[PDB]
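Below, read A as the first sequence line, B as the second, and so on, with proteins coming before strands; counting in each chain starts at 1. All values below were derived from every heavy atom in this structure, side-chain atoms included, with hydrogens, water molecules and symmetry-related copies excluded.
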Protein chains: 2
Amino acid sequence: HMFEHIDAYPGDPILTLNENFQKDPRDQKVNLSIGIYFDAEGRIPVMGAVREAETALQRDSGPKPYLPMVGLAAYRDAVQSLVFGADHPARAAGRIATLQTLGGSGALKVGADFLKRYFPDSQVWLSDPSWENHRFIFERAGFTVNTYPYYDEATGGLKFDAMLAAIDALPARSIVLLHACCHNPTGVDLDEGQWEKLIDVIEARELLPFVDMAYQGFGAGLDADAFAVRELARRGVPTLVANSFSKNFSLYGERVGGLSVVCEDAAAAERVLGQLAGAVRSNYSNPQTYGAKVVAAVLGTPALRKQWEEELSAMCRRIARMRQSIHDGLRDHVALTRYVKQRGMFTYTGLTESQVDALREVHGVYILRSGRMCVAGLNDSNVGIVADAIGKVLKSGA
Amino acid sequence: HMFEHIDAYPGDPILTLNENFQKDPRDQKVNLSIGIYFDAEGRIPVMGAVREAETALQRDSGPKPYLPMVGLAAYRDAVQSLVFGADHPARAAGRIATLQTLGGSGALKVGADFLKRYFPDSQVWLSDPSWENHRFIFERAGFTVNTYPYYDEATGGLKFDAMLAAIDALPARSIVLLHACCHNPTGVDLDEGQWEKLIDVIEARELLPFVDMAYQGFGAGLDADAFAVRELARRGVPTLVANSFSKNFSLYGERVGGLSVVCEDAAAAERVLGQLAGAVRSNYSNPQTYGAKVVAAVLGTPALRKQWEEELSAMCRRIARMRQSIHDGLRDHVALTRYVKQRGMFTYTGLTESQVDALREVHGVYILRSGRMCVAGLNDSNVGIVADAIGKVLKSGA
């Protein structure tokens, strides 16, 4: 009876939901519950640049020794340059410790474990709402986790005054998890003016910003999407940055990401990098080779770098086209502003749980109970069907 | 000054040692400090079966979605079959929870995090000595870590009576880390009789054995090397098993391994699997695809499975040949029994720290300060040079 007290892990309602979508016999059914990018044909793409890199890497069959704890040197440098910009002063001054991680998740974990060890009495604050695994990772890492106001139910927008006042009230060294852009699940983002005002507070109150940038390239392009990170670093604010290549390389299953920490000087950055390697040593020893070689080859080969940025920008524009298409489709029925104001792969539709049920059962369109829709699930084959469905449900009243 | 209290991570003496080996101008220098398998030509091999699988996988360029938290289903089944044997009764009765992990390290981590959560007051016992990262992983996971007698300095063998008595004295649910075979760093292994006697105690005292099998295939073949795991499971003992594919697939840098937990019934195994997935969710969300596809393709394709087992057995025999060659070489000079009695990639030479210095400085042969030599670093080009060196150092006296 050694494991008689091990409780069963709670079933995943999304899995159940997708099982119901599969059994659904209706030809016009639409699934917008899976939060990943699909292309114009509703497929998960293999990016041209990625395929081309893999092809080149294939003609190089060599041994696979252990990587350093911090991962591949070329990868780390490419990632740091991509995130902060090649010309970033914090990069030139050696104030940034960067390592290869297992997706954005791995970066959050390594960061959390480092922070718990050196800031054990700090607590963590996330947005209301936030990515479903933020609370899980940081609570299991040993942190008390709290929330700050963020999404505005009434507007489909941002409670910036309430967000700013809550964060302004935090004690020094409070860890504040922030979406860089393309908020998951709501799609509600700060503008660059709100960002500056938030950084004023974060700096003055000596807080610890942990920026989660999982969608660099899906909001307004690679550079604008990293504004929060780059502006924090230009102003010398102690910042951790977790970036994911799952979405913008379409490499979800090869687990590639980065963790960067911006420190007060190069000496500090090197001590921090060593302790981040320490967190890795206590976890998985060292990261994997395949995905990092692909990413490093794409970012570091100008022809491939260009091909990658081009396809990613086309992905960015396709989502924006779908936002406009569903918006215009809804105008034909019954504040649709949220659909074009929100950004990235997700939108908080503001539909009630009942309306979500109706959308599914009556109109065969599947979104989350929270009202989260994955805009990337929209294409020419279904955007009319969806806009019609949601328009009818909204018009009929809550 | 946010990170003013982050202490510098201690330098790696092995890295320093290898830097000195590189600068060493002597043509006959020999490095036996790197603990990985090298072939007859002193290279890290790419196994034929692995190359052939990679070739086949290359002709299949599809999308890379997230894997399940527990990893690829085909991989898990193949790994479980390889470790316990296809016909194992615990496998047939569904008493084993198996998931894909990030190397053997990742398996130790996921296991440790699960154990800390459900057995928080248990402490951990490792062999004296043990793998350099055992203490680090389990202490950082929140466990008090202790040792039991193991290596016998005077014999180059095993203190089995002292080992058994120490373990017999542990309270229920004590976590006991055990090398399945091919002990790292000493090469001293239990025989199957000692194993049965140890399991008697582990069972009776209701302990929690955590078996670390990082070298299945390098001692006496895949089946015999897993005897401890298979016998624990046949006898119904609650057992965690961490197995690595780094060494026996030569896939160090693609981070592939497994974690298996043997439970009292299938119901328990399923609850445990869910909580192991929980540990993964709190860490890196889900594992990577490339390496697991390669391993699953090799193990599950009979032609490749045969080619793999054959090359691994040839690797196993090459190490044994080097053990005999250095033994016979030492007999030409000055108890050399340890060299043929110890097993796997490592041997504890029993050389003093001074003798290790002499071996390096005078004879250009590099082993660890502990006297650990990697036998796999021996080949026809250097085994005579090494035996001569060690023979002279031993003969000249401590």
Drop me the distance from A:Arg140's CZ to B:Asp113's CG, to the nearest 0.5 angstrom.
-> 9.0 Å
Return yes if some donor-acceptor pair links the side-chain N/O of B:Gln275 with the main-chain N/O of A:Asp7 below 3.5 Å, else return no.
-> yes
Contacting region of A:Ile36 [heavy-atom separation from chain B under 4.5 Å] = side chain
Under 4.5 Å to a heavy atom of chain A? For B:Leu207 that would be backbone
Using a cut-off of under 4.5 Å on heavy-atom pairs, state which of B:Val272, B:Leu273, B:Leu67 scores highest against chain A.
-> B:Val272
Most heavy-atom pairs under 4.5 angstrom with chain B, which of A:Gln288, A:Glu139, A:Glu270?
-> A:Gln288
Side-chain (A:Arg255) to main-chain (B:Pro287) donor-acceptor, under 3.5 angstrom = no
Below 4.5 Å from any heavy atom of chain A, which atoms of B:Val262 appear? Answer side chain, backbone, both or neither.
-> backbone
Give the intermediate values and the outcome of side chain to side chain contact (heavy atoms under 4.5 Å, CB included) for residues A:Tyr290 and B:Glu254.
-> CA-CA 7 Å; A:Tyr290 186 73; B:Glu254 298 300 353; 3.4 Å; yes
Using a cut-off of 6.0 Å, state whether more than 12 heavy atoms not belonging to B:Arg173 lie near its atom CZ.
-> no
After noting the C-alpha distance and the side-chain angles of A:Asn286 and B:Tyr252, does the key distance pass the side-chain hydrogen bond (donor to acceptor under 3.5 Å, both in side chains) rule?
-> CA-CA 10 Å; A:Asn286 43 79; B:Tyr252 313 88; over 6 Å; no
Geometric class of the A:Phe114/B:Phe3 ring pair [parallel <30°, tilted 30-60°, perpendicular >60°] | tilted
Among B:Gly291, B:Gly106, B:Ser285, B:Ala172, which has the most heavy-atom pairs under 4.5 Å with chain A?
-> B:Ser285
Among B:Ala8, B:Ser282, B:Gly104, who wins on heavy-atom pairs under 4.5 Å with chain A?
-> B:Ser282
State, with a plain yes or no, whether a side-chain heavy atom of B:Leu276 is found less than 4.5 Å away from one of A:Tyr9.
-> no
Short question: side chain of B:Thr289, backbone of A:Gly253 - any donor-acceptor pair under 3.5 Å?
-> yes
In terms of heavy-atom contacts, does CZ of A:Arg205 have more than 12 from other residues, nucleotides or ligands at under 6.0 Å?
-> no
Non-hydrogen side-chain atoms of A:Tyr118 and B:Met2 separated by less than 4.5 Å = no
Shortest non-hydrogen contact from B:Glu4 to A:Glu264?
-> N-OE2, 3.3 Å
Distance (rounded to the nearest 0.5 Å) between B:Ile6 CD1 and A:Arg117 CZ = 8.5 Å
Which value, rounded to the nearest 0.5 Å, describes the distance between B:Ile137 atom CD1 and A:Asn283 atom CG?
-> 8.5 Å
Look only at the side chain of B:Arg281 and the backbone of A:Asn133, and say whether a donor-acceptor pair between them is shorter than 3.5 Å.
-> no
Minimum heavy-atom distance B:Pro65-A:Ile44, with the two atoms named | CB-CD1, 4.1 Å
Interchain contact, B:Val110 with chain A, by part (heavy-atom threshold 4.5 Å) = neither
